[PDB]
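So the chains spell out like this:
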Amino acid sequence: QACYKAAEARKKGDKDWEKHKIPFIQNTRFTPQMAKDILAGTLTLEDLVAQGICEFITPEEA
Amino acid sequence: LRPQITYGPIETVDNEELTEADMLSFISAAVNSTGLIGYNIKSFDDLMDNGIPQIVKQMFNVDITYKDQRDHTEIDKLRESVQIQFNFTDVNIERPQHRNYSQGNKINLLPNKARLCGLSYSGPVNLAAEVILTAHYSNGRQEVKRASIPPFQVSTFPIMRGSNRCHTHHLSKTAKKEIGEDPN
Amino acid sequence: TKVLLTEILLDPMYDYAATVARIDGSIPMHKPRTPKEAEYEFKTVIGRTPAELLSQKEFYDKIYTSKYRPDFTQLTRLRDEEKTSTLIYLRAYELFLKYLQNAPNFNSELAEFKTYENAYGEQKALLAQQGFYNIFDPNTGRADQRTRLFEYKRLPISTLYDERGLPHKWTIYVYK
Amino acid sequence: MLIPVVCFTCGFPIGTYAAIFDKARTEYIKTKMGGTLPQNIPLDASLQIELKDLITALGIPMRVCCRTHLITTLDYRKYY
Amino acid sequence: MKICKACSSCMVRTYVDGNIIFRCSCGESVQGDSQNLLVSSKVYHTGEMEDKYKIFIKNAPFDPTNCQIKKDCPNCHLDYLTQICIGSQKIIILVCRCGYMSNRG
Ligand SMILES: [Zn+2]
Ligand SMILES: [Zn+2]
Ligand SMILES: [Zn+2]
């Protein structure tokens with residue numbers, strides 16, 4: 001969406017069309033606190049799957 | 001259906017402190033979910049509770065016909081074939097048993113006794129059935145005889161150690177240790 | 001008599017009951033050396049004479065039952081740790097005997113004692129720890145992530161070609 | 001099945017301090033363990049458990065072999 | 001083939017005095033006019049023709065396992081494209097989720 005808004009601003013003759021872009025961000029939701037909860041036993045793989053943090057992958061889905 | 005859940009924005013997740021030693025915990029979690037060989041026990045338990053009963057009650061319906069090869073001997077000339085038809089209705093598998101001395105009452109059999117005595121860690125298989133015999137006559141009529149059988153033990157099925165039908169499944173780790181089993 | 005004795009002396013249940021009988025002194029701490037000692041140990045552990053065992057049809061009803069009946073309701077977590085080990089041992093034997101006898105209301109007690117013994121095994125796992133260390137990065141305060149791995153970087157094209165476009169051939173060694 | 005009576009390499013009498021070094025070690029770990037299940041201690045990635053001064057307080061010298069065999073030997077009582 | 005108008009069967013093709021005659025097993029016979037003058041054919045390099053990769057090339061911008069390139073899409077002005085390399089001549093095609101496709105397709 002930010003790419004379209006930046007392009008839209010450029011076609012409008014604006015000089016600062018580049019300031020409408022945002023950086024790309026990709027990350028996993030696994031946190032250092034989740035690692036500590038695993039070692040305390042209060043976080044299992046079942047509720048890591050239930051919270052949408054990890055999922056099971058089969059060689060054909062891979 | 002469309003997915004309705006939403007997660008917090010990925011731009012606010014704080015993972016800059018994550019070390020590759022912290023990720024090992026994830027592996028730990030995985031190994032704690034499946035155990036190490038948990039699939040073997042689960043598969044054998046599925047075969048015990050659901051597999052063999054389904055196979056016996058569904059895929060082993062017998063319906064055969066045979067020539068009547070008798071002699072004159074009254075109406076036997078007028079009957080040509082007999083139709084044997086039966087199926088099994090009840091199926092179950094129990095825990096391994098052994099008979100103490102002779103004419104005993106089938107006490108339990110622990111795995112260590114089976115290992116030492118060269119025995120078979122096999123639990124009894126009990127079946128029940130209903131049978132229908134049809135006799136076909138030359139003129140065109142037929143006669144049907146139906147019987148129902150009380151449950152009886154056909155044989156013994158091998159039991160995987162540590163599974164549901166194992167005696168070392170109702171025992172604690174100390175009790176497992178003290179009956180000669182590897183507690184770990 | 002001989003076949004019954006040979007069958008039962010190889011039963012793990014027999015050695016477990018004999019251990020429980022030895023713990024509280026009901027039978028001598030050594031193995032039988034004479035026929036009389038073996039017959040006495042069998043009578044005490046199995047609870048029936050070998051000749052009388054054939055006579056009937058029960059077997060598990062009278063197997064030894066430990067003398068001291070501690071209170072296993074302190075196994076509800078509530079000179080305690082050695083007492084805890086003693087209670088775990090005695091409760092395990094008592095539940096083993098209950099399972100053999102198909103005593104009513106056993107599965108719930110079995111799961112309860114399974115939870116108790118899982119806690120006890122957690123304590124033993126604490127006892128079985130050699131220690132562990134992590135080499136920390138002084139700049140950070142956690143496990144070292146510094147590595148000598150390869151790190152890609154687009155070099156200038158002048159590192160391969162000259163201002164006339166020809167490739168470099170590093171073949172003259174200069175010694176000072 | 002136990003910490004050896006003597007060092008496997010040089011033969012210094014490690015065993016005479018083994019039992020003590022057992023108990024003390026556990027106590028020391030109980031101080032540093034921290035909100036983590038026992039069986040997860042070798043996975044914590046934040047632990048700094050060092051037994052150097054504990055072994056030194058026993059009088060055991062600074063020999064690599066002796067401290068190696070004292071620290072690393074498995075105990076059969078703790079796995080059975 | 002030729003399909004019999006009576007029994008919808010596959011007729012057999014024969015050649016008589018310079019004409020194609022389709023004769024069925026039910027006795028019905030017809031003669032093809034123009035569309036039946038194709039005795040045989042073959043097409044080469046079937047594993048790299050444009051007709052093979054139509055679905056893949058259409059789906060390429062949406063497959064997350066495809067290589068991306070930092071190059072502006074000239075249509076929607078998105079700053080990245082999906083690059084694919086098909087064939088033994090290594091033909092490079094840049095595609096976008098908006099429908100843009102280098103090589104004009
Ligand atoms: Zn040494
Ligand atoms: Zn036709
Ligand atoms: Zn586009």
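Per the PDB record, the structure was determined using cryo-EM to 2.68 Å resolution.

Peer 1: Go over the overall build of chain E, please, and point to the residues and values.
Peer 2: What chain E contains, in helices and strands, is one helix and six strands. Here the C-alpha atoms of chain E give a radius of gyration of 24 Å, more than 25% beyond the 13 Å that 2.2 N^0.38 yields for 105 residues. Its C-alpha atoms give chain E principal-axis dimensions of roughly 65 × 30 × 25 Å. When each of the 105 residues of chain E is scored for burial, the buried share is 27%. Contacts in chain E between residues far apart in sequence, at least 24 positions, make up 20% of those at least 6 positions apart. Summed over its atoms, the accessible surface of chain E is roughly 7800 Å², and 53% of this surface lies on carbon and sulfur atoms.

Peer 1: Can you lay out the interface of chain B and chain C for me, pointing to particular residues and giving the numbers?
Peer 2: Residue-level contacts link 25 residues of chain B with 31 residues of chain C. The junction of chain B with chain C conceals about 2600 Å² of combined surface from both sides, 57% of it contributed by carbon and sulfur atoms. Considering only the side of chain B, the residues that lose the most area to chain C are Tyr 101, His 170 and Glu 178 of chain B, jointly responsible for 25% of the buried surface there. On inspection of chain B and its partner chain C, the count reaches one salt bridge. The residue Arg 142 of chain C makes a salt bridge to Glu 17 of chain B at a minimum N-O spacing of 2.9 Å. The interface formed by chain B and chain C includes 11 residue pairs in polar contact. Those elements giving two or more residues to the side of chain B that touches chain C turn out to be helix 1 (20-34), strand 4 (107-108), helix 3 (111-117) and helix 4 (173-178) of chain B. Class assignment for the residues of the side of chain B that touches chain C results in eight nonpolar, 11 polar and six charged.

Peer 1: Could you give an account of the coordination of the zinc ion (ligand 2), with specific residues and numbers?
Peer 2: Residue and element names in this part refer to chain E. The coordination sphere of the zinc ion (ligand 2) contains the protein donors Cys 4 (SG), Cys 7 (SG), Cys 24 (SG) and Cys 26 (SG), at a distance range of 2.3 Å. Angles of 107 to 113 degrees at the metal separate the four donor atoms of the zinc ion (ligand 2), which places the site in the tetrahedral class. For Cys 24, a relative accessible area of 9% puts it in the buried group.

Peer 1: Any chance you could break down the coordination of the zinc ion (ligand 1) for me, citing the residues and the numbers?
Peer 2: Residues and elements named next belong to chain D. Coordination of the zinc ion (ligand 1) by the protein is provided by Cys 7 (SG), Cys 10 (SG), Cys 65 (SG) and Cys 66 (SG), with metal-donor distances spanning 2.3 Å. Given four donor atoms and angles of 99 to 113 degrees at the metal, the environment of the zinc ion (ligand 1) is assigned as tetrahedral. Between consecutive donor residues of the zinc ion (ligand 1), the sequence gaps follow C-x2-C-x54-C-C. With a gap of 59 residues between them, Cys 7 in the segment before helix 1 (18-32) and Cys 66 in helix 3 (residues 64-72) connect regions that are remote in the sequence. Since its relative accessible area comes to 2%, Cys 7 is described here as buried. Taking the relative accessible area as the measure of exposure, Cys 66 reaches 0% and is therefore buried.

Peer 1: Break down the sheet that holds strand 1 (residues 62-67) of chain B for me, citing the residues and quoting the values.
Peer 2: Across a sheet, paired strands are connected by hydrogen bonds in the backbone, their directions being either parallel or antiparallel. Residue and element names in this part refer to chain B. Taken in spatial order, the four strands of this open sheet run 1-2-5-6, and their pairing is antiparallel. The strands lining the two open edges of the sheet, one partner per strand, are strand 1 and strand 6 (142-158). Sheet twist, expressed as the mean angle between neighbouring strand axes with direction ignored, is 20 degrees. One ladder, built from six bridges, connects strand 1 with strand 2 (residues 79-93); its direction is antiparallel. Counterpart to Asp 63 in the pairing with strand 2 is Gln 85. Sitting on the sheet, helix 2 (residues 38-58) touches strand 2, strand 5 (122-137) and strand 6, and the angle it makes with strand 2 is about 160 degrees.

Peer 1: Give me the lowdown on the environment of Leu 51 of chain D, citing residues and values where you can.
Peer 2: Structurally, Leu 51 of chain D can be placed in the loop between helix 1 and helix 2 (52-57). As for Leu 51 of chain D and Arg 67 of chain D, which are separated by 16 residues in sequence, their C-alpha atoms are 9.4 Å apart. In this view, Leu 51 of chain D contacts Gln 130 of chain C together with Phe 21, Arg 25, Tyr 28 and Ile 71 of chain D; residues no more than four positions away in its chain are not counted.

Peer 1: Provide a residue-level description of the pairing of strand 5 of chain B, including the pertinent values.
Peer 2: All names here are of chain B. In terms of burial, strand 5 is a largely internal element, 13 of the 16 residues being buried. Pairing analysis gives 13 bridges linking strand 2 to strand 5, with the strands arranged antiparallel. Opposite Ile 84, over in strand 5, you have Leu 133 as the bridge partner. Counting the residues that bridge the hairpin from strand 5 to strand 6 gives four residues, and of these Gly 140 lies at a positive phi of roughly 145 degrees.

Peer 1: Explain the arrangement of the chains residue by residue, including any values.
Peer 2: Of all six pairs of chains sharing an interface, the pair with the highest contact count is chains B and C. Between chain A and chain C there is no contact, and the shortest C-alpha to C-alpha distance separating them is 11 Å. Kept free of each other, chain C and chain E leave a smallest C-alpha distance of 15 Å between them.

Peer 1: Can you explain the packing of aromatic side chains? Please cite residues and give values.
Peer 2: Counting across every chain of the model gives nine aromatic pairs over all chains. Seen from their ring centres, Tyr 16 of chain C and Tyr 93 of chain C are 5.0 Å apart, and the 90 degrees between their planes marks the pair as edge-to-face. Of the residues examined, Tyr 16 of chain C reaches a relative accessible area of 0% and is grouped as buried. Given a relative accessible area of 4%, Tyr 93 of chain C falls into the buried group. Taking the centre distance of 5.7 Å and the plane angle of 35 degrees together, the rings of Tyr 76 of chain D and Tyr 80 of chain D count as tilted. A relative accessible area of 44% means that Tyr 76 of chain D is categorised as partly exposed. Members of the aromatic cluster, connected to one another through ring pairs, are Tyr 16, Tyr 89, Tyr 93 and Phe 96 of chain C. The cationic tip of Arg 10 of chain A hangs over the ring face of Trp 17 of chain A; the distance from NZ or CZ to the ring centre is 4.8 Å. Over the aromatic face of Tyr 80 of chain D sits the side chain of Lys 177 of chain B, whose NZ or CZ is 5.4 Å from the ring centroid.

Parameters at a glance
- Residues numbered from 1 in each chain as written, not as in the entry; some residues may be left out.
- Chains lettered and ligands numbered in written order.
- Part of a larger assembly, values for the part shown.
- Heavy atoms only, no water.
- Helix = DSSP H or I, 4+ residues; strand = E, 2+ residues; numbered from the N terminus.
- Rg over C-alpha atoms; globule rule 2.2 N^0.38 Å.
- Buried < 20%, exposed > 50% of the residue type's maximum accessible area, 1.4 Å probe, protein only.
- Contact = heavy atoms within 4.5 Å.
- Areas by Shrake-Rupley, 256 points an atom, 1.4 Å probe, with all protein chains shown as cover.
- Buried area = accessible area lost by both parts, 1.4 Å probe.
- Salt bridge = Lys/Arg side-chain N within 4 Å of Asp/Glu carboxyl O.
- Polar contact = N/O pair within 3.5 Å; in protein donor to acceptor, adjacent residues only side chain to side chain.
- Nonpolar A, V, L, I, M, F, W, Y, C, P; charged D, E, K, R; others polar.
- Donors = N, O, S within 2.8 Å, 3.2 Å for Na, K, Ca; no water.
- Tetrahedral: all angles 85-135°; square planar, octahedral: opposite > 155°, others 65-115°.
- Pairing = 2+ DSSP bridges.
- Axes fitted to C-alpha atoms, helices over the stretch in contact; angles between N-to-C directions.
- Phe/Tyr/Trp six-rings, centres within 6.5 Å; stacked < 30°, edge-to-face > 60°.
- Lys NZ or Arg CZ within 6 Å of the ring centre and 35° of its normal.

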